[PDB]
J.: 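First, the structure itself, so that you have it in front of you.
Any value given below was found using the heavy atoms of this structure, including those in side chains, with hydrogens, waters and symmetry copies removed. The chains referred to below are lettered A, B, ... by the order of the sequence lines, with proteins before strands, and numbering in each begins at 1.
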Amino acid sequence: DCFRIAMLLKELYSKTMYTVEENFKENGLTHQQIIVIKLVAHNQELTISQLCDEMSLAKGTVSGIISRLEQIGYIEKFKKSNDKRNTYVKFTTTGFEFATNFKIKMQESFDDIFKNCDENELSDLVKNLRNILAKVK
Amino acid sequence: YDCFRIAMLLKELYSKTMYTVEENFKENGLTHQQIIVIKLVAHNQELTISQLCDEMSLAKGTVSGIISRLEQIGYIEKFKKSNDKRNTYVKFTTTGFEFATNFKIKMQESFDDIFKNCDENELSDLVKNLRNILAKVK
């Protein structure tokens, strides 16, 4: 019933993330890491808490993704003096360089899957998703 | 909407479903991945490792991991058929079948739950839209 829906969501999502893993394997970056880079590029900086909500992951998972991305030197963690509560992430110079150079390829990587669709279907899908998500609470 | 934001919506909705499932079965120390396997085996009776990968959209080594734990907890038996050189099958043990029976209802309601304030028609078009998009994907 609603089990089928969970499975289809998973299937469509994974197909997306698989083409992204494939396109950046060469660069030594996971699809999760590409996600963060995209989100940091778009926002400049984000709290761990915001990354959790953008990626729909638990704080534990996010903290690991960030530490491994920091170890590769693409992002840095920091705390603003006016806020002892949150930790923040932003790019390093290497990260900025990455996100500039691969803006298109990143954008293309997420798009590849939906080449054959018309905005007809996609708009339909997005409306359904937003409708349903809106009613989850 | 770029495609990035669709992916993130798909994930958001998936992740809510799975969080509820984990919560409903945390008492039994069963993960949501395990519940997914148990549901699939209960409907199908027997499944190959390839079929489960395809149904769950996971890599083989991931599925082998989940199955190994269900084996360790005694709910699943993994086996070959003499006639089949290619595949590896899984099915319930007596204990697994018993858990599947006594919690069939609780499993269906763990998935159904977060979609309660939704008309059968809202759910129904989602499903046609996903399937149609998936068909176009290849």
J.: Indicate if A:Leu51 and B:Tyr19 have the same hydrophobic cluster label, given that clusters are the connected sets of ILVMFWY residues with side-chain heavy-atom separations under 4.5 angstrom.
T.: no
J.: In terms of heavy-atom proximity below 4.5 Å to chain A, should B:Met56 be classed as side chain, backbone, both, or neither?
T.: backbone
J.: With distance as the sole test, does B:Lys11 use its side chain to make a donor-acceptor pair with the main-chain N or O of A:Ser56 at under 3.5 Å?
T.: yes
J.: Looking at B:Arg5, I want to see if its CZ is surrounded by more than 12 non-hydrogen atoms of other residues, nucleotides or ligands under 6.0 Å.
T.: yes
J.: Of the non-hydrogen atoms in A:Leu125 and B:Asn129, which two are nearest, and what is the gap between them?
T.: N-ND2, 3.4 Å
J.: CD of B:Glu120 to SG of A:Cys2: how many Å apart, nearest 0.5 Å?
T.: 9.5 Å
J.: With a 6.0 Å cut-off (strictly less than), is the heavy-atom count around NZ of B:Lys78, excluding the residue itself, greater than 12?
T.: no
J.: Within the side chain of B:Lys136, is there an N or O that forms a donor-acceptor pair under 3.5 Å with the backbone of A:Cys117?
T.: no
J.: If you count heavy-atom pairs within less than 4.5 Å of chain A, which of B:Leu123, B:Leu13, B:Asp2 leads?
T.: B:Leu13
J.: Can you tell me if A:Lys127 has over 12 outside heavy atoms packed within less than 6.0 Å of its NZ?
T.: no
J.: Would you call B:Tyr1 and A:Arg130 a side-chain contact if the rule is heavy atoms closer than 4.5 Å?
T.: yes
J.: At a 4.5 Å cut-off on heavy atoms, which part of B:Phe4 comes close to chain A: side chain, backbone, both, or neither?
T.: both
J.: Taking the side chain as every heavy atom from C-beta outward, state whether B:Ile6 and A:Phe114 have any atom pair closer than 4.5 Å.
T.: yes
J.: Looking at chain B, which one of A:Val20, A:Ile35, A:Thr16 has the largest number of heavy-atom pairs inside 4.5 Å, strictly under?
T.: A:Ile35
J.: Is it true that, when you exclude B:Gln45 itself, more than 12 heavy atoms of the residues, nucleotides or ligands shown sit nearer than 6.0 Å to its CD?
T.: no
J.: Within a radius of less than 6.0 Å around NZ of B:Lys81, do more than 12 heavy atoms belonging to other residues, nucleotides or ligands occur?
T.: yes
J.: How long is the straight-line distance from CD of B:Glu12 back to CD1 of A:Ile132, given to the nearest 0.5 Å?
T.: 12.5 Å
J.: Let me know if B:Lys138 has heavy atoms under 4.5 Å from chain A in its side chain, its backbone, both or neither.
T.: neither
J.: Of the backbone (N, CA, C, O) and the side chain (C-beta and beyond), which part of B:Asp119 lies under 4.5 Å from a heavy atom of chain A, both, or neither?
T.: backbone
J.: What distance separates A:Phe3 CZ from B:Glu109 CD, expressed to the nearest 0.5 Å?
T.: 15.5 Å
J.: Step by step, would you call A:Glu121 with B:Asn132 a side chain to side chain donor-acceptor pair (under 3.5 Å)?
T.: CA-CA 8 Å; A:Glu121 297 102 63; B:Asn132 191 32; 5.0 Å; no
J.: Should we say atom OH of B:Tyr89 is surrounded by more than 12 heavy atoms from elsewhere, each under 6.0 Å from it?
T.: yes
J.: Compare every heavy atom of B:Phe111 with every heavy atom of A:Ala6, then report the nearest pair and how far apart it is.
T.: CB-CD2, 4.3 Å
J.: Taking side chain as everything from C-beta outward and backbone as N, CA, C, O, which of these in B:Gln108 sits under 4.5 Å from a heavy atom of chain A? Side chain, backbone, both or neither.
T.: side chain
J.: Could you grab the distance from atom CG of A:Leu9 to atom CG of B:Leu134, nearest 0.5 Å is fine?
T.: 9.5 Å
J.: Between A:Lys38 and chain B, which part of the residue has a heavy atom less than 4.5 Å away: side chain, backbone, both or neither?
T.: side chain
J.: Near B:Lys116 NZ, under 6.0 Å, is it more than 12 heavy atoms from other residues, nucleotides or ligands?
T.: yes
